[PDB]
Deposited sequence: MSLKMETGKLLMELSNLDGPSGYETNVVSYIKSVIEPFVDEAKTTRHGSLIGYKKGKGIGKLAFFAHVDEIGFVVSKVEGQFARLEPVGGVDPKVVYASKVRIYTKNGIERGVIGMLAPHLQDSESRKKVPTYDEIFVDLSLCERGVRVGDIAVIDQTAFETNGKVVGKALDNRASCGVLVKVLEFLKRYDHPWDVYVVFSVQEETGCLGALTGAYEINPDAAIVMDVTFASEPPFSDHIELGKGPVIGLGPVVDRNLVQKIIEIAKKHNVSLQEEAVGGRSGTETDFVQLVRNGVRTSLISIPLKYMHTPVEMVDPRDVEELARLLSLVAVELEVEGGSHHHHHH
């Protein structure tokens, strides 16, 4: 489908850490027509496999979860939430989804006694007198946000991981046009995996020859000057963990195919621990995102598509 629509659908799905099944079920269905096979790990990660001519194995990785909260305590009319920023939340209960606003009290004229029962400033809570029916200890909540498009951008929750999922879905779609030499493994990792290599090996016992890890970025950390912009392209990480020679080969492919790129000295929000230990040459590439960690993260769908175009070209021309 259109990249903007794919991103809105990925953003709207709920897959808080530990409960990413529905998001994986959606990705499994959209990538099906573009892979030779797709396997799930025991933790719930999904690996799409697209056979090439067998010259080597290239692995692309992306996280899939989003923030969530669990009801840890129900005292009086206030339910306390603990993480597994946020204002509107939707909570999965035995009766369906209940919607509420973190820290909002139901209309009440407080007095010195009622004031004592109101949760302390730091606690995350919802006022149960505002719900339709119960909420119980153990119920899970996620941010209640409907994605939207504004001026060519997509705004919605969880794009810090879902935009990368969108890039990998588009790479598989684009690879259908080529007789690419590399065998490609696309990995959508859930929270409970040990690392990027552990997710991949939960499905295929292989050692990739090259790996590209997806991430998102925007602000630079001191001492660098902020310069990333939405729409100016995917951001090449140039930190000490990346294989700079593999990175230069990717840059040369982008140059030949007119893929506009941006760069950052380090990058990365580690996922590279296993890869480095196993000698996998790795590259970090990020999608520019604004309003990081809020319900209204914003990405440019063109950066997403251009990254997927570049990654499909890497599978065709690398080495």
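- According to the record, the deposited residues with no C-alpha atom in the structure span 1-4, 89-96, 282-285, 336-346.
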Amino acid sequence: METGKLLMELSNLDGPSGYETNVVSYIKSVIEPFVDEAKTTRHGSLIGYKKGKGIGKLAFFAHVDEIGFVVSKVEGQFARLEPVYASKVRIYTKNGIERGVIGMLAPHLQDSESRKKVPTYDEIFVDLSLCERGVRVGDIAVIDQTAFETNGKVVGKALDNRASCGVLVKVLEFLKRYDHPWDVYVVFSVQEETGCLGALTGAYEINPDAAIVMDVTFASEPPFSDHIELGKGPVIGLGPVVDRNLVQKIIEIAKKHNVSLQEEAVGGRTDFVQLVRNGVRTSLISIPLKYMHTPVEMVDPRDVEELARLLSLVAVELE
From here on, numbers count along this sequence of modelled residues.
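- Here the stretch with the larger average CA B-factor, out of 240-248 and 112-120, is 112-120.
- Note on 228-236 vs 193-201: mean CA B-factor is higher in 193-201.
- The PDB entry assigns its highest CA temperature factor, among 53, 50, 257, 290, to 53.
- Per the PDB record, 74 has a higher Cα B-factor than any other of 211, 172, 74, 81.
- Remark: residue 97 belongs to the middle third of its chain, ranked by C-alpha B-factor as recorded.
- Annotation for residue 184: C-alpha temperature factor in the middle third relative to the rest of the modelled chain, per the entry.
- In this PDB entry, residue 62 carries a Cα temperature factor that places it within the lowest third of its chain's modelled residues.
- Residue 34 sits in the middle third of its chain by CA B factor, as recorded in the PDB entry.
- Annotation for residue 273: CA B-factor lies in the highest third of the chain's modelled residues.
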